[PDB]
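A short worksheet on the structure shown next.
What follows draws every value from the coordinates through simple rules; no lab data is involved. For neighbour counting, all protein chains shown are included, and Cβ atoms are generated from backbone atoms with ideal geometry for every residue, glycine included.
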Amino acid sequence: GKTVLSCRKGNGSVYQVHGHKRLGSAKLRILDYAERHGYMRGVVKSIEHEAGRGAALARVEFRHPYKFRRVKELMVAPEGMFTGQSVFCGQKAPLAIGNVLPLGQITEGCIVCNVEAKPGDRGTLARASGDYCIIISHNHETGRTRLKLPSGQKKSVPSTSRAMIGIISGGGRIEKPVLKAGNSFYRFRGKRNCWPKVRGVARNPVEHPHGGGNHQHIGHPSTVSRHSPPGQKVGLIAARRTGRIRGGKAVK
RNA sequence: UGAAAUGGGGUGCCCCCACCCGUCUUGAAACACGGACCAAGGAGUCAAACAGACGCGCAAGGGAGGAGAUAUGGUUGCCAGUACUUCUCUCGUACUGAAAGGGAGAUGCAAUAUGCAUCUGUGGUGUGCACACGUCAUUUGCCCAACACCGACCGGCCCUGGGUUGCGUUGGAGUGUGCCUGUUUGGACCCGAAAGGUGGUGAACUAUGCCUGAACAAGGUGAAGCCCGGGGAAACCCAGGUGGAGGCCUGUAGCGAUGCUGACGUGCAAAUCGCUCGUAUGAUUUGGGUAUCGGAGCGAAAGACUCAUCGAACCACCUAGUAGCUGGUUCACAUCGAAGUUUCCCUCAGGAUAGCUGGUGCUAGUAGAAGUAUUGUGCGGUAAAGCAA
RNA sequence: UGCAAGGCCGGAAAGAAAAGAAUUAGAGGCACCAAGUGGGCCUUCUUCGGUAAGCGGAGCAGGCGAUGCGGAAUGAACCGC
RNA sequence: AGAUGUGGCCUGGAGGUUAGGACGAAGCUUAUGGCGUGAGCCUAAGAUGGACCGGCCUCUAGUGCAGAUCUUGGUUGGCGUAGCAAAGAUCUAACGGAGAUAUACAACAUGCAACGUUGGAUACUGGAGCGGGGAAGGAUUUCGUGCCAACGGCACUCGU
RNA sequence: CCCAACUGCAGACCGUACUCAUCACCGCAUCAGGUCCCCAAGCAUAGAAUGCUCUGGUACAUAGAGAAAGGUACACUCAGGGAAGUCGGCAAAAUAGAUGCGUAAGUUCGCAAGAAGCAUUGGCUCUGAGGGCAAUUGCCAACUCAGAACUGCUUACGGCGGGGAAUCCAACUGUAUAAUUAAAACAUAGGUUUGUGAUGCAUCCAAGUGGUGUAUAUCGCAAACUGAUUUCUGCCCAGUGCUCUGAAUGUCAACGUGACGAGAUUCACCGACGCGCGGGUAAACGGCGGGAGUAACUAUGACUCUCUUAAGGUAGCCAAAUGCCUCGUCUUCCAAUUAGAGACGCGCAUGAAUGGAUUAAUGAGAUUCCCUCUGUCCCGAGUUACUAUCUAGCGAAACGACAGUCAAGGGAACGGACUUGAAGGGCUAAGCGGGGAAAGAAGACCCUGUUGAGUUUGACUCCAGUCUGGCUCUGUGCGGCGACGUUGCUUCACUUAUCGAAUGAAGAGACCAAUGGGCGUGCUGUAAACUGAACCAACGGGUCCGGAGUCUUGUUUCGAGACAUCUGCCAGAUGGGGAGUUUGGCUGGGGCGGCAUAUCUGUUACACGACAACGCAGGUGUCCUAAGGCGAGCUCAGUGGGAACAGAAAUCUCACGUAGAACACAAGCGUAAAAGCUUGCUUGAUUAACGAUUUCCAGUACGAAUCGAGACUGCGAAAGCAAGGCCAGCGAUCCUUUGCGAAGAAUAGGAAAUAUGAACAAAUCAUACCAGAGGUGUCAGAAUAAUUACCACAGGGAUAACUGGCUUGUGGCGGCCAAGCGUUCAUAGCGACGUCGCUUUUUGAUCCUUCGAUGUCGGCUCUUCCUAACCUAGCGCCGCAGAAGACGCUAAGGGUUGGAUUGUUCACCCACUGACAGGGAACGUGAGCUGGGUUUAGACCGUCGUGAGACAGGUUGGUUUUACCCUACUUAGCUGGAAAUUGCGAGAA
RNA sequence: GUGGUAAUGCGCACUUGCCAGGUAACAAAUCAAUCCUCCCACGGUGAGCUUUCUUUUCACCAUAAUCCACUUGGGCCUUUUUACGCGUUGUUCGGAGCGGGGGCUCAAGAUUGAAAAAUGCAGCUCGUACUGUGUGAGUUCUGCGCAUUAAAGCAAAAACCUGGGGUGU
């Protein structure tokens, strides 16, 4: 029959990021010679809001290390980062909220956000509003640093990786009930075409494996194998557990 | 020499007779289906393989095909024909075995794991045109064709002289062509599907996202914050204003489309109209641009929608798709004239097969005659009877 | 020289008497090619299932189907033909 | 149902043969008869036609129609019938125009209805307009003169 | 050369009309549909509502005459009653603006709410209050509100809510089947679960250093389920899924390795994910029991026992949209209640995110009562515009074999035509909807077809995707385990292949020097932060070199690294995500059942043979080295007399014993010194040269059988008997597979040696010829699961669902006889056991007509007919005193009701009445209506199914088209005519 | 280049060598409200009505671009110090400088002139000359944004502009 809707999102026709009103990507400053052997000092020129992001971004204005010009970097602001602040980024940079240190220089148990999982990555992780890592221990022989992240899993990043001290801006967002279909409207408007979402048992059998009839019901177990082909994987994909978690929630 | 007369023709009438055609059908005048009129079109063809009738040539031989050669090395043409030709090719004269291989006459003598001689001859027997010599239709002779019973001989396989086996022989009958009928495949007598396949065109209708513009009369209710006063030991609690919140209410435009099961229902209209009704600051309505489409698109999900087409669009093609199914199938007269049963089939609306039927016949016109008697001789367990067997 | 068989050669042959003691619009026999049909239905008599049926299923035959014509006012099949 | 026969009827053509025709060929029409059981043939008449064509033997095929919800063209009864009923509606005078005031012992009883423009009357739209300007789409519909064949489902003298 | 104010010259290209719509565009057209933007007057009024009007623009939509019925309406009214109408208050009426007072239960405290309800309102003449400005005083604008006196109402434009008591469902706004469904369905907020740290999860993609979520980073992204709040979410991990291990040693492919052999071939071992084993998981798919006894009357069973499961439905809830029985039972509502509400619960078949229970507000959702109101109704009547009607102009289509009056008969069983009768003069205008089994559309229902299509899965057959193994990519060094110096594997340290990332490839490494080659580590600045500036060298040294270290066995840098998510091929597992196709037949329609599909005995079967049914009564797929073969001896079932225990029944004995026994089995037939029984010896149950024949039949095959000829035999003295057990017990082509063709000889292929691999020859291998086996049971022999209510096509009345026809079991109605009832007395009135009929208002049975179509329940309306008579008329009879009534006769002229509940027909109750009789007319009556029911597409529940989906269960919503033709009928005109038009053919109530 | 304590005023140069920032650039509701429309007031010209009434009813009364020289609202400076005071219809503000005096600047106007009456309109005269020329209801231009609910925070770039630095030196 017809192709499932989870497969049609894979074309990217209507379902792409909207992202027009967005300001561009948010990254840490480039890793330079100064970044590695010293620190570069900028100043926070503003704090604003991407459409479709829950955090709060920052235009931080460094001076160009080489030519005569002034470069503006856009990074995800920590919690108490205020306009006019001076942000230090580099190896010599002191340990303070918003400064960016190489993650091997930071104490033992510090709170860290916006980590880069690869030394030059300009940060990929702990970037979502309110989220932070916890760096655990530095391994001085192998040159690694172990840290938990937000999902509870504990990873090991090469300690030349950089990091930004302090939790991410937004906080909450989630703790507040939406209350109406209406507030969910511009919710995703800045994000994607995710919504509203018809559940599978309602739609006809061509379109979905759940597409049954007399009584809305799946008719066959909803847990699906890992090796199931696209258009078949639907519902709970290789579930180890199912139903209420009564005690436990081991990190997934 | 104008007429008379018989026949044919026309129109009306009387007595009488008389259901509407084609069709499927056990059964049609049917309340079974096609059917207003006419003109002009309109359906067993062409090709190939095989066969049997019938016409023709030739005959243990027949016949080419392709090409060549000249009259023609000519002629606008009549000539793309006719005339001519061979070694070959091919169907035959011989068949048999899985194959290696083998491979056919008669008579006499005669029995020799290849016997020997002769060569004017049906291998023998029964039945059998014509002919011949007789006889009162028929005796004998030879018997042609042909039917039947046998033997011999060739090939296979055999038992131990015998069994059998071939689409074998036993003084050849083929071959070429015409024509007809019947199989067969091809569009295949003509018209007819729901479908299937390759390749293109569509988001002007409509689904959804995005860029950038536009729009929402008049009222009702009266959230936060703010201002004044009152109460209280405190904490806080009461009252009057202001303020103008909401996928809030009434109500235009707008966007919709509930009820009349109203009008209309060969319309104003291939979905419209009238009053009534839903919502009308929001998940709102809307213009232009732009993005995602065919086993795919998009979907607040109804199999919705994708240009009057959607449980798989549109266009051209494969495609005159296949149909055991429905419909049609155009001149006359004459001689004849059925079947719905048997057996087998994924067979039961169909076929093949025997039967019924026609055509061509062959054969010495009473033969091997009979849906019937009589005589003789066999067979039998129904009707009746019996339960005192 | 009995019996089996294939013959040969002779014999006779109301060509089948008499007894009711046959009859025939009795040319026998063989062959090739091929069509249509393979839904039937009705009736005397026999007949099975059914309460029965203008029901269902057979037997021996005759009809309609395919065929009118005369008759039973009318009727596929009855009666006569 | 089916099989076959015919010195058996018709049709377009090819090989032959024998004829016809401007003194009238094919075609066409007829209460035109004659012949054949029949398909059909043949003659007569045309106050039809205007140039081709018949018989007979043989060959040949895109060769014979009443029926397919057959194809195409035409016609036809139904029938001067259904109907031409949303958006209120027109009236009068003078002038235009072929469209009249149209007559073999007065005028009505014997030329009906309808058209345009101007003036007057009455009425509708009722500023979310049968008001004035643009996009999409159309592309000469705009404008003046002439004009009424067809076209504006009635009518025009008016008109896109 | 720049700047400033002037001046001089030049200023190109394309569109430009008109239209933007009741005529300029799209809708076949000048079509009541659709189509973006701008400007927008006066008065009433809250006003862009609605009504009228000045500017602008129009009089174009075919008209005229005009009182028929019937209609349509953006038109009204109605005495008395007031929902009795009806499926149902459908439609209409009703309510109504503003101001003041007033306002319930319930509640998420927001509402409910305009709840409900009461009252005021005009006109006129006055009065008060509400301000600005200028220097207490002076001058002025624009409106609103309140109060009073007088006076009036015919309650009087437009516009503008009826309201209340409850149940079911969804929380709400929203979306949603363009053109039959607007809902309870979808969405939603809220809840939960699953995958996932980027070399990732989901996933597009034929393919790439390809693409999407991702401009992202667990408060994220992806995939499901549930559907606000409140209150809760119980038990089951056996099954099917998903998943996790290792202590998972079984099994599975290729490669890899080794061995016999001349070799192909062959064999052994090694060999992953998966499967198996072992766990986990239900807000994964789902599931959640029976029987008996027992308490001081009875009834119930807290309580015992018992069977049994993975667990035995917990909290709740209910004849509810889920309850068959069922119109459940009780209470309430009403005169009356198949409806509604509240209860009850052994619940056919309620139940917990397949969500349970509640739930204020909300609803073009479903239902029931109440007030108000009414032409819905009793019961209809009058008026209006536009029609129809007549006219002027214009002018179609549907349809059409031919046609058109009936009754009865038969017929294809429901005629316009035929048969026998009764009507019938012709032509016409408006109506009407009985008929033309009227018109539309090659029945959509049903069956059939060796036709499909959409979906589903545990079908058959495969394909992508995902995973897994091997080789490869693929390098270097010291080693460790193995194997027979080499090689398999492998730890670790490396870096150039390769992979991941970043950067404008922007500063690597070294100098600090070895296992190399021929102090510190590139270093002005900061140490919580709280917005300044920095460029195009100053300068030093001899135009160069510094300032600004030099060097390069060389990567742009970082991470990983010979690994895998790298590359390619080979190999397996998974795999409805996707493809192709299939999903027997017969059949008193199909389905379910059966087997009448291949078959054997008796019967039907009609004294040869043959003969049907889903006719009757039974069998077959096997069993037997003896139950086969043979010779010999014997006699069986049973009965009777007699014999220790010992009897009805043990064993012995005698007599009788026509088979009454037996023979593997169904049945039939046959058999007595046997064909039975006992016993002996045995393998005729082998081979049998291609013999013939029967049975079925086409005179084909198969199966089975009969008669033979040959070989070697068995038993018997012998004659003879035996090639299985008589007769049912079974199998094509192709393919696979086994047996026979031993050795030896032949001077040559013969009488006698099996042939082939085709240029020869050997040994393998393969094949051939002959006879057997592996099997098709649908048995003359395909390889095969579902659903369609989203459905399609070709046809069928060869075949179901209506009517009609035959039949009448069944239903209904009646007769005959007379056992008995009736205290008595068969028959006043009844009438058993029997028995004979009728009717066609029941249901069957059949399948004759109709499938290129006869509109398929009930009510309303309307007419007519029948009589088996309820009332009405007349009468007989009685267990008839009267009154009331029973039974019967003639008789169908007349009459036969108002309601509650139900879609109902049927049924029940209320009420009236002289009575509330039973029926027919295509189960009369849909171009007459209505559309509640059934019978579609949407949707919910229960039960069933893994699933799509089903249900003759429940529920809500779901288009009702055409008449102008012919006849009929109802009225309305014209007009001939007696030889019924002519003949002159002549008849006087 | 140059004045003012200052907000900033006045008209030798070049700067797209380079850099930095602005304009372009987007935003509810309430209140006030521009052009303009309507209505009223004043009264000039013609017309309508007239039996009666109506100092009456109707129409018109206009000034384009361009360029010159008091009011309202905001930002700000100096001065005197304020901790209760200023202010809106309105949810405010101040020692990080309220209020008062005096000033600077910006936005929207008003006013007087250039254009410009030579035009337009109406009336009238014998195809001409003359005559005439509001504290009201609407109104989105504007005040007005770091500006709306917001798990919604509301495009970008040419082109221009000023400055930094420099050139002139």
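If the chain between A:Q216 and A:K67 were fully stretched, how many nm would it gain, using 0.36 nm times the residue separation less the Cα-Cα distance?
Gain on stretching A:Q216 to A:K67: 47.0 nm.
Rounded, prolate or oblate: which fits segment A:102-252 when a ≥ b ≥ c are the square roots of the eigenvalues of the alpha-carbon gyration tensor, with rounded for a/c under 1.5 and prolate only if a/b beats b/c?
It comes out prolate by the Cα gyration axes.
Classify segment A:89-150: rounded, prolate or oblate, from the alpha-carbon gyration tensor (a ≥ b ≥ c, eigenvalue square roots; a/c under 1.5 rounded; otherwise prolate if a/b is larger than b/c)?
It is rounded, given that a/c, with a ≥ b ≥ c, falls under 1.5.
When the Cα centres of segment A:186-252 and segment A:67-113 are compared, how far apart do they sit, in Å?
Cα centres, segment A:186-252 to segment A:67-113: 42 Å.
For A:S137 and A:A238, calculate 0.36 nm times their separation in residues minus their Cα-Cα distance, and state this gained length in nm to one decimal.
Residue separation times 0.36 nm, minus the Cα-Cα distance, leaves 33.0 nm.
Identify all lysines with a Cα-Cα distance to A:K148 below 23 Å; exclude those on the same chain that are fewer than 8 residues away in sequence.
The reachable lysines, counting only those whose Cα sits under 23 Å from A:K148, are A:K27, A:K118, A:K249, A:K252.
Of the candidates A:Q216, A:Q16, A:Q153, which one comes out as most mobile in a Gaussian network treatment of chain A with C-alpha springs shorter than 10 Å?
Looking only at A:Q216, A:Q16, A:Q153, the largest GNM fluctuation is found for A:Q216.
Restricting to segment A:1-143, what percent of DSSP beta bridges are antiparallel, rounded to 5?
Just about 95 percent of them are antiparallel.
Calculated FRET efficiency, A:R226 and A:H20, Cβ-Cβ r, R0 41 Å, to nearest 0.05?
About 0.65, to the nearest 0.05.
For every other residue with a beta carbon closer than 14 angstrom to the beta carbon of A:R36, add +1 if it is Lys or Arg and -1 if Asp or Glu, then tell me the sum.
Residues near A:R36 contribute +1 overall.
Given the options A:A58, A:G80, A:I174, identify the residue whose Cα lies farthest towards the positive end of the charge dipole of chain A (+1 on Cβ of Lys, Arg; -1 on Cβ of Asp, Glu).
Towards the positive end, the residue furthest out is A:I174.
With runs of 4+ DSSP H residues as the only contributors, calculate the mean residue ellipticity of chain A at 222 nm using -39,500 (n - 2.57) per run, divided by the residue total and rounded to the nearest 500.
-500 deg cm²/dmol
For the residue pair A:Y33 and A:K92, what label-to-label distance in nm results when each label sits 7 Å from Cα along the Cα-to-beta-carbon direction?
Each label point is offset 7 Å from its Cα along the Cβ direction, giving 1.5 nm.
In nm, to one decimal, how far is the A:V201 label point from the A:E108 one, both placed 7 Å along Cα→Cβ?
With each label placed 7 Å out from Cα toward Cβ, I get 5.3 nm.
Could you compute the FRET efficiency for A:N183 and A:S156, with r as their C-beta to C-beta distance and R0 at 45 Å, rounded to 0.05?
E(calc), rounded to 0.05, equals 0.65.
Could you please state, rounded to a whole Å, how far the C-alpha centre of segment A:120-184 is from the C-alpha centre of segment A:25-42?
About 20 Å separates the Cα centre of segment A:120-184 from the one of segment A:25-42.
Could you compute the net charge surrounding A:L101? Neighbours are other residues with a C-beta less than 10 Å from the C-beta of A:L101; K and R count +1, D and E count -1.
Local net charge: +2.
Once you sort the root eigenvalues of the Cα gyration tensor of chain A as a ≥ b ≥ c, which label holds: rounded (a/c under 1.5), prolate (a/b larger than b/c) or oblate (the other case)?
It comes out prolate by the Cα gyration axes.
Net charge within 11 Å of A:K154 by Cβ-Cβ distance, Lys/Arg positive one each and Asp/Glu negative one each, not counting A:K154 itself?
+3
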